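For reference, the structure discussed in these notes is given below.
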Amino acid sequence: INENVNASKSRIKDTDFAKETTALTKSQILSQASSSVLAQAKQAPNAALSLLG
Amino acid sequence: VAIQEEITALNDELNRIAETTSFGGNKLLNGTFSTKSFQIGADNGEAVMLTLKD
Amino acid sequence: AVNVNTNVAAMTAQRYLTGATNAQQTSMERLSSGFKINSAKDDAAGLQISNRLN
């Protein structure tokens with residue numbers, strides 16, 4: 001029983017490194033992507049002053 | 001008897017897979033998905049029929 | 001010509017500029033989000049099927 005219940009507990013609480021590593025990888029990319037977009041957006045208004053203020 | 005019982009179960013599993021497999025609720029292997037055309041052309045009529053049997 | 005109460009050429013510029021700025025925003029959003037159909041405005045049908053697939 002112990003062995004079986006430990007297995008069940010793992011299926012419910014234990015983490016799957018493969019899927020979790022994947023999400024960490026995906027998270028980092030989306031972060032780097034957003035940061036780049038943010039940087040470009042932060043410069044959007046910089047176009048306005050080009051119109052002689 | 002045991003083997004028959006075992007297969008009895010697999011038989012049901014096959015039926016389940018058939019009456020559950022779906023591409024967004026459009027059951028695919030139960031038969032309900034008969035020949036459906038896929039317009040793969042920029043103009044009308046340029047389609048290809050796909051048939052999923054039971 | 002030689003008028004000082006109308007600059008239709010300028011008006012045209014703004015019109016195109018606006019269109020460009022709008023396009024920039026939509027792309028930026030898609031890039032930052034990672035999804036093309038963010039709002040249903042992008043694709044009413046896409047949202048419908050994507051949500052059900054999700």
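Ordering of the structure tokens sets the chain letters (A, B, ...); residue numbers start at 1 within each chain; ligands are numbered from 1 in the order shown.
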
Practice prompt. Tell me which protein, DNA and RNA residues are within 12 Å of stretch 13-30 of chain A, counting only C-alpha atoms, leaving out same-chain ones fewer than 4 positions away, and put them as a VMD selection string.
Written response: (chain A and resid 5 to 9 34 to 38) or (chain C and resid 29 to 35)

Tell me, counting only C-alpha atoms, for each residue of chain B within 12 Å of chain C, which pair of atoms is nearest and how far apart they are in Å to one decimal, in rows ordered by chain and increasing number, as a tab-separated table.
residue	atom	partner	partner_atom	distance
B:22	CA	C:53	CA	10.0
B:23	CA	C:53	CA	7.6
B:24	CA	C:53	CA	5.4
B:25	CA	C:52	CA	8.3
B:26	CA	C:52	CA	11.0

Item to complete: Assign secondary structure with DSSP using the backbone only, and return the residues of chain C in alpha helix (DSSP H) as a PyMOL selection string.
Response: chain C and resi 8-33+44-53

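For residue B:48, the non-local neighbours within 9 Å, defined as residues at least 3 positions apart in the same chain or in other chains and counting only C-alpha atoms, are residues 36, 37, 38, 39 and 40 of chain B.
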
Output C-alpha atoms of each residue in that selection to a file, as a PDB file, in the first residue's frame.
ATOM      1  CA  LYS B  36     -15.962  17.031 -45.610  1.00  0.00           C
ATOM      2  CA  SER B  37     -14.413  19.358 -48.245  1.00  0.00           C
ATOM      3  CA  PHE B  38     -11.399  21.587 -47.395  1.00  0.00           C
ATOM      4  CA  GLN B  39     -11.191  24.709 -49.635  1.00  0.00           C
ATOM      5  CA  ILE B  40      -7.408  24.799 -50.328  1.00  0.00           C
TER       6      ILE B  40
END

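Using only C-alpha atoms, the shortest contact distance between residue B:14 and any of B:41, B:49, B:1, B:29 is found at B:29.
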
Discussion item. Would you compute the distance between atom CA of residue C:45 and atom CA of residue C:23? Give it in Å to one decimal.
Written reply: 21.0 Å
